[PDB]
Every structure is written in C-alpha cells, then in structure tokens.
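Down below is the structure, laid out as structure tokens.
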Amino acid sequence: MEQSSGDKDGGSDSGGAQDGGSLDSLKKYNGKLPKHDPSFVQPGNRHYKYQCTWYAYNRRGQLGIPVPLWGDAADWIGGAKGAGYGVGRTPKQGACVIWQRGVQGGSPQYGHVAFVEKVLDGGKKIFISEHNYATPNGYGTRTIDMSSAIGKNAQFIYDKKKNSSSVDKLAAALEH
C-alpha cells in the first residue's frame with residue numbers, strides 16, 4: 001500500500017496534546033519539554049533518594065524549576081503551599097503529579113509522584129513516565145484517566161519559578 005511511493009506513518013507525533021502554556025515557565029519552550037541532564041547535580045540529596053520523590057526532584061530540575069526538599073511524597077502539596085507554589089487539579093504537561101498516601105493511585109505509605117509527559121484527548125487522560133520505582137527492569141509509562149479515581153487523586157503542583165540557573169534559597173538552603 002502506498003500513497004506516493006511508499007507508506008509512511010507519523011500520526012503519533014500528534015498523538016496527544018502538548019499543553020503548551022504549562023505553568024508559565026514551560027510556555028517559552030513552545031510546549032517542548034526541557035532537556036534532562038544526567039550529569040547535573042542537585043542539592044536535594046538530603047531526602048529519600050530511593051523514593052519516587054528523588055526521581056521527581058531530578059525531573060523537576062529537568063523542567064528548570066528548583067524546589068525545596070519536602071519530607072515525603074504526600075508532604076509536597078503542603079510544602080508547595082509554604083514555598084509559594086500553586087496547587088491545582090488541572091492536567092498540565094511536564095509538571096509532576098502528587099498522589100497522597102492512602103488514595104487510589106498513590107503508594108499507601110508515602111503517596112506517589114509521577115511526571116506528566118502528555119495531556120491526552122484534551123485533558124481527559126494524562127500520560128506519565130517514570131524511571132525505576134514502580135517498574136522493575138525497565139521504565140514504563142501509563143495513561144491515567146482524570147475522570148477515574150486515580151486521576152481525581154492526582155494533584156498538580158505549579159511552580160512560580162521559571163528561573164532555572166540561579167541559586168534558590170529554598171532549594172539550596174535548608175537553613176536560613
């Protein structure tokens with residue numbers, strides 16, 4: 001089957017919506033998500049490095065948004081309040097979702113953090129990614145329905161910062 005000379009497929013490049021105007025910070029990247037730096041070092045090494053939170057700090061740094069070290073996964077919503085960050089339930093690209101502890105979609109002891117890769121069907125579903133926390137051997141992606149229990153428990157944290165390359169008082173300094 002051909003339509004010219006061969007058959008090409010590239011519809012998946014539009015398979016999901018980029019949110020574009022995510023936060024305020026992300027819009028300047030034209031909806032393209034910022035680069036990750038494996039070699040980049042973050043001062044957030046004090047907390048649970050084997051927890052979902054560490055993966056979240058790294059990916060939060062990917063987006064060029066430095067955040068203070070928050071205790072445990074569920075704590076992040078409260079920490080955001082104190083740090084002057086916004087919290088919402090709107091699916092926006094890039095930003096990490098926080099599940100509390102004892103809710104569907106979260107790990108009962110800590111809560112759970114995941115990174116939104118895409119906003120699907122308009123914002124019906126969200127596509128998330130992870131490194132190695134819940135998926136062993138490899139990395140996995142999953143689509144969460146915003147209408148379902150998993151999606152309703154997914155809470156989004158919006159950062160006020162769009163400054164990346166600058167020392168943040170909260171991010172780098174525990175004490176003051």
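Lettering and numbering for the structure tokens are positional, with chains as A, B, ... in the shown order, residues counted from 1 in each chain, and ligands counted from 1 in the shown order.
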inquiry  = Based on the backbone DSSP call, show me all residues of range 44-168 of chain A assigned alpha helix (DSSP H), as an MDAnalysis selection string.
reply    = chainID A and resid 52:62 76:83 149:153
Give me, as CSV, each residue of range 58-79 of chain A that comes within 10 Å of range 16-36 of chain A, together with its shortest interatomic pair and the distance in Å at one decimal, counting only C-alpha atoms, with rows ordered by chain and rising residue number.
```
residue,atom,partner,partner_atom,distance
A:58,CA,A:36,CA,8.2
A:59,CA,A:36,CA,7.2
A:60,CA,A:36,CA,9.4
A:61,CA,A:36,CA,7.7
A:62,CA,A:36,CA,4.6
A:63,CA,A:34,CA,5.2
A:64,CA,A:34,CA,7.3
A:65,CA,A:25,CA,8.1
```
File of the preceding selection, C-alpha atoms, as a PDB file, in the first residue's frame:
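Result written to part.pdb:
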```pdb
ATOM      1  CA  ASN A  58      15.537  15.269  39.082  1.00  0.00           C
ATOM      2  CA  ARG A  59      12.676  15.638  36.636  1.00  0.00           C
ATOM      3  CA  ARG A  60      11.619  18.910  38.296  1.00  0.00           C
ATOM      4  CA  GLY A  61      15.149  20.083  37.578  1.00  0.00           C
ATOM      5  CA  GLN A  62      14.682  18.860  34.023  1.00  0.00           C
ATOM      6  CA  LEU A  63      11.923  21.416  33.688  1.00  0.00           C
ATOM      7  CA  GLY A  64      14.181  24.070  35.103  1.00  0.00           C
ATOM      8  CA  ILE A  65      12.195  24.554  38.244  1.00  0.00           C
TER       9      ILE A  65
END
```
request  = Would you mind listing what lies within 7 Å of residue 89 in chain A as a ChimeraX atom specification, with only C-alpha atoms counted and same-chain residues fewer than 2 positions away left out?
outcome  = /A:91,154-156
message = Would you compute the distance between CA of residue 48 in chain A and CA of residue 133 in chain A? Give it in Å to one decimal.
response =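 These atoms are spaced 12.2 Å apart.
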query = Which of range 5-106 of chain A counts as strand (DSSP E or B) under DSSP, as a ChimeraX atom specification please?
reply = /A:17,86-88,96-99
